[PDB]
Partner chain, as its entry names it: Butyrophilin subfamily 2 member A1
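Just the one chain here, the form solved without its partner chain, laid out as structure tokens.
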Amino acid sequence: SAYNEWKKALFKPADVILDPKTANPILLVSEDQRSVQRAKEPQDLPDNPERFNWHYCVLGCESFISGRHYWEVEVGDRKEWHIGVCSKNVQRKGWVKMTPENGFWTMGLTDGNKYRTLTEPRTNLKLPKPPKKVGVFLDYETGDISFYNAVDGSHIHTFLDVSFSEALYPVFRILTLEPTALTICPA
């Protein structure tokens, strides 16, 4: 397909590894550091400055300050998940609303069938097919963050013409307890 054949020609495939130091204590990062799951109760971890202590979020290890990049995330049959990018300088301690104004550019799924972009106010997305694998695409220069169905190459959503200045991290959020993990596809 055009999506599969062109993605690497236009965007550098990012090797995204989850950073355990950033993960909310209720989250578990897999040994290979590609997958995240949720625990029933928060685990005993230090409250280091890099760690999200309220939001059930985890970041990638590396940030982006220029260029075109992409990564793909297997969401599978999960009924809840949110993914995208956030500023290096987001508030990690306490609560702030996950919005572009607060340095979060994310979309995802809640309650099995409610697809949303986490704008302010939130925008409901109408998708003909439920995505099982999502491609996250960053063009730092043009200020575009795009989301695609990584199987059929269909468009999900684009944050357009954002004035980037700070470094951007891949960000992942899961709120629910379910049998399927959220998994990054390797380069």
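Residue numbers count along the first chain shown, from 1.
The next section is about a form of this same protein that is not shown, the form solved in complex with its partner chain.
Checking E31, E41, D161, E141 against its partner chain in the deposited complex, a heavy atom within 4.5 Å turns up for just one residue: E41. In the deposited complex, its partner chain stays beyond 4.5 Å of every heavy atom belonging to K88.
Though the partner is left out of this view, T119 does reach within 4.5 Å of its partner chain in the deposited complex, counting heavy atoms only.
Although the partner is absent here, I17 lies well away from its partner chain in the deposited complex, with no heavy atom inside 4.5 Å. Among residues of the shown chain, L175 is one whose heavy atoms approach its partner chain to within 4.5 Å in the deposited complex. In the deposited complex, its partner chain lies within 4.5 angstroms of at least one heavy atom of each of the following residues of 89 to 109: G94, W95, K97, in sequence order.
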